[PDB]
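Since the structure comes first, as structure tokens, the remarks are kept for the end.
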Amino acid sequence: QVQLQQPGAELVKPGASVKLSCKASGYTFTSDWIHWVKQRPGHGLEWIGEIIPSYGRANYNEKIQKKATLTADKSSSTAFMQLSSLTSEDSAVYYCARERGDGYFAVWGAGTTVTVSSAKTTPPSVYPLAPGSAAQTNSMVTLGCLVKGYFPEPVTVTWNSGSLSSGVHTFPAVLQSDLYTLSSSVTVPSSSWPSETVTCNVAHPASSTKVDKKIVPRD
Amino acid sequence: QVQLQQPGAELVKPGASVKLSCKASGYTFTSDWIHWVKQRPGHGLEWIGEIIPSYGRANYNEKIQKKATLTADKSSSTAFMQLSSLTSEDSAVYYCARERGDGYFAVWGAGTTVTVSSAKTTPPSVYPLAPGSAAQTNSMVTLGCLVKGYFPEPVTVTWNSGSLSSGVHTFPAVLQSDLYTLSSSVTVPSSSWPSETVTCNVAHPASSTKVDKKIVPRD
Amino acid sequence: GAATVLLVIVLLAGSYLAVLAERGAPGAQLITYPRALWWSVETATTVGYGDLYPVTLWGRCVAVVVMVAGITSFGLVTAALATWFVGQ
Amino acid sequence: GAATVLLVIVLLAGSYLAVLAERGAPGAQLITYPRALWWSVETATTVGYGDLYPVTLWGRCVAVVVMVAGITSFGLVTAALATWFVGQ
Amino acid sequence: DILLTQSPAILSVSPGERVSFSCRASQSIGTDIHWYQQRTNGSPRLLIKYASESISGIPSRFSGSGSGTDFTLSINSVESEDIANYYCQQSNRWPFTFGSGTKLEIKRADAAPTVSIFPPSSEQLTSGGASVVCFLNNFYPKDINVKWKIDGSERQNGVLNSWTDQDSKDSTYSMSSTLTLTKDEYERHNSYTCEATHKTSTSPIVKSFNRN
Amino acid sequence: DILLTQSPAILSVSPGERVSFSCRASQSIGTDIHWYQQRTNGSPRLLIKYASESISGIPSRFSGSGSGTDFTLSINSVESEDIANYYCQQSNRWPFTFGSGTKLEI
């Protein structure tokens, strides 16, 4: 089971603060340390700090301006990272990771995408992408879904609740007018569709929404 | 209160020697070391040597020609640095500093400016700098004082016994014919002067003189 | 015979606390329990490999406690000196 | 019980004198009281971290005095070996 | 603090070929180096610990070596799934630090793009908006150009493109091109066409559809 | 003796911007590095001790980091009053030595 659970996203207005959480399960030892790592888009991994739940002491990277304050709740096995007075420079994915006191990060959380912006949250609109009536199909057929007008990142797109993974491409989102847009592609044998259903599932953490859109041939 | 007191200046003829003093106050421990640092104009800090008053032992920078001899008087809590057979190369500001035996200089003296020259001491002449009768005043007015014909450096210029610090510029002195000259600038709201008095105080350590010059509008 | 119990208590308590003290100190190498237990032994045994040691103030304290508790606790050598003095 | 008094006297006298001896010696690291006290402990305890030591002649002397006075004074381990031999 | 240098930042290898990532520490750190793999949009995953120790669950293909200041992560016979960023991390001295990362790139055989064009949905039109989407899927090399034409005339405004990273499934690349217009603008035009120009062909690959 | 290299000698930054001064030691000195600020015509003033320890009275804006041979003095959001010369100094080995200094220009 997932050893470290982190929320998908957090939108923060410039100057405000946010408290990220990391719920741990599995074996827990008095020697465990919970680490936090920051990663800006297209960049590497940056160590932020660590905390030992059994004692409550925290240490921080001295090379960077201190934005975080780490705490831990033993009864709920949850570690927290309070980030305060954020700016766009603080926008990034923040991972939590567990170290058994022996130097390596045995496991990592899925990461929390933090976006520092004044813009407002907006759920995505999911539209179907089915071939036109004049399109000639091969032994395979390509379908998809358009996800536009959402903010902030990210959105997770799966096909048939995840049962369909092969032949799937989800393109990086593009930012225009304070809103993101992306499409996801799926290819299945031409014979299996529409006989066998194909649906895309779009989850938008920031708005706590998840919608499904069945892809059917045009009228 | 000032932890380390050093005289403002010392004029020394080439070949002669001088004994600098450093009077310390505040807490004193058997583990205190008194250091001396030399700094030539426009250059960095150079360590000269150290002495431990509680024992009387002194150590010196091996990388430089030994010009100093350090001693200390426990009863008067004063440390001394005897500089002998000086040349113009020895002209510089000499600081004394206190270290609690733990590696860093917790506090520094104001420094003693030593000038090695054959020239004679000369107190400065302080002249007023008030706007001409045709000068148009803005919401602010600029006044000043001319300090010329003094030797050796330095002179300390303050406004209204130090109560006036904002809007003050004291220009570096220029050397001409064995004499220095500099001016100090002060800007106050045009409405406050002459209603509120403006006086510059010029202290010349080398001559043990300090004079005041009130700045009043021209006749 | 029973002293050897206090030794393992210290070596384990030292090993643990040592890591706590040292993390945070840039350049400290006494920061993983395993090797911290290796340090603790070296310390009580008083052996001298100088491959691992503390740099923080607190760390040196855990150190001092391990030296006292452990160099003393290693008053187990004697018991091994007795049994090996009898059955031989 | 009282020996432990002489130990702190030495460790403090050693720590102090050591710094005195070593300053002046280019490359000497035994030059700040705090760490000099850490040195002194390592020395009496005789532990072996080899992270700090003297380079001057006098320094080595303070060293020898600390070794004698302290390795002996550490004849405190035994008292802790007695109390821990009784109430246990 | 210990600086971990990973150079080159990008490593290009052919399928089934052995590859070696480099990690150099600013000072000796014994064998206290660990390697992580991070795929596009994924979280880091431990591959090797203490320079050469295997982790259960990781393919035998992965191995590590070195001690002191120079370390190497090797992959015997690289395959598509190995496409990702690789990072080293040290735990010899505080604080733990990470290398800047090396990306693994695979040079496979050329492949022409599969082009698909999609008319805006009725659900979208109902909102007064119209997006025409074109997929240029699974091609290689990644260098490719897309051109839009409405009623035979090249169109540039309202077009936004997006390119994926190399795919860990087949080492190819894909691109999407989206032409967004208002329902009105969309209603006064007949045919929409997307054309793809790729190294694999002297002639463009075109897909079209008429609004009727 | 330990040589302390401070490069660049001059650092130009815009107001409110973060700045970092560099200090490299010729050999490893642990964290035995201290930083001083010296304004025009003023005496040196201790800013940071033992590489990263705060001094009471100094603005939170100032911080230090590093160990071994490479050290950094950082200022978050520089302001006019920070205009001065900055020097590093080591106390790991005798004799104590000073870096050549870096001037902050805004």
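Each chain of the structure tokens is named A, B, ... in the order shown, its residues numbered from 1; ligands are numbered from 1 in display order.
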
Any chance you could tabulate, as a Markdown table, the residues of chain E at most 8 Å from chain C with each one's nearest atom pair and distance in Å to one decimal, using only C-alpha atoms, in chain and rising number order?
| residue | atom | partner | partner_atom | distance |
| --- | --- | --- | --- | --- |
| E:1 | CA | C:26 | CA | 6.6 |
| E:92 | CA | C:29 | CA | 6.0 |
| E:93 | CA | C:29 | CA | 4.8 |
| E:94 | CA | C:26 | CA | 5.0 |
| E:95 | CA | C:26 | CA | 6.0 |

All residues 8 Å or closer to residue 43 of chain D, only C-alpha atoms, same chain fewer than 3 positions away omitted, as a list in words: residues 39, 40, 46, 47, 48, 63, 66, 67, 70 and 71 of chain D

Deliver the residues from the most recent selection as a file, using N, CA and C atoms, as a PDB file, in the first residue's frame.
ATOM      1  N   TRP D  39      39.646  18.353  23.243  1.00  0.00           N
ATOM      2  CA  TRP D  39      40.906  17.637  23.075  1.00  0.00           C
ATOM      3  C   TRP D  39      41.267  16.960  24.401  1.00  0.00           C
ATOM      4  N   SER D  40      41.319  17.776  25.450  1.00  0.00           N
ATOM      5  CA  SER D  40      41.663  17.309  26.783  1.00  0.00           C
ATOM      6  C   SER D  40      40.860  16.086  27.207  1.00  0.00           C
ATOM      7  N   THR D  46      41.516   8.839  26.752  1.00  0.00           N
ATOM      8  CA  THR D  46      42.445   8.169  25.869  1.00  0.00           C
ATOM      9  C   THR D  46      41.772   7.596  24.636  1.00  0.00           C
ATOM     10  N   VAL D  47      40.558   7.998  24.365  1.00  0.00           N
ATOM     11  CA  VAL D  47      39.883   7.519  23.160  1.00  0.00           C
ATOM     12  C   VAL D  47      40.219   7.348  21.695  1.00  0.00           C
ATOM     13  N   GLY D  48      41.192   8.103  21.198  1.00  0.00           N
ATOM     14  CA  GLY D  48      41.502   7.934  19.791  1.00  0.00           C
ATOM     15  C   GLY D  48      40.770   8.427  18.577  1.00  0.00           C
ATOM     16  N   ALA D  63      50.348  18.117  27.000  1.00  0.00           N
ATOM     17  CA  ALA D  63      49.772  16.853  26.570  1.00  0.00           C
ATOM     18  C   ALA D  63      50.164  15.758  27.556  1.00  0.00           C
ATOM     19  N   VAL D  66      48.519  16.079  30.870  1.00  0.00           N
ATOM     20  CA  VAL D  66      47.104  15.715  30.799  1.00  0.00           C
ATOM     21  C   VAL D  66      46.939  14.209  30.742  1.00  0.00           C
ATOM     22  N   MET D  67      47.845  13.551  30.035  1.00  0.00           N
ATOM     23  CA  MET D  67      47.789  12.104  29.911  1.00  0.00           C
ATOM     24  C   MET D  67      47.993  11.493  31.298  1.00  0.00           C
ATOM     25  N   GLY D  70      45.335  13.056  33.892  1.00  0.00           N
ATOM     26  CA  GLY D  70      44.023  12.619  33.439  1.00  0.00           C
ATOM     27  C   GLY D  70      43.770  11.136  33.249  1.00  0.00           C
ATOM     28  N   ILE D  71      44.719  10.405  32.663  1.00  0.00           N
ATOM     29  CA  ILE D  71      44.529   8.973  32.464  1.00  0.00           C
ATOM     30  C   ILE D  71      44.446   8.343  33.842  1.00  0.00           C
TER      31      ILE D  71
END

Provide as a PDB file with C-alpha atoms, in the first residue's frame the residues of chain A at most 6 Å from chain E, counting only C-alpha atoms.
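Writing done, so here's iface.pdb:
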ATOM      1  CA  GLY A  44      16.510  18.979 -10.594  1.00  0.00           C
ATOM      2  CA  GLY A 103      21.029   7.535   4.244  1.00  0.00           C
ATOM      3  CA  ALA A 110       3.590  11.357  -5.312  1.00  0.00           C
ATOM      4  CA  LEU A 129     -12.140  13.680 -29.863  1.00  0.00           C
ATOM      5  CA  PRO A 131     -12.674  10.752 -35.983  1.00  0.00           C
ATOM      6  CA  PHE A 171       0.520  16.129 -23.971  1.00  0.00           C
TER       7      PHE A 171
END

Pick out the chain D residues within 8 Å of chain C. Count only C-alpha atoms. Give them as a ChimeraX atom specification. /D:38,41,45-51,77-78,80-81
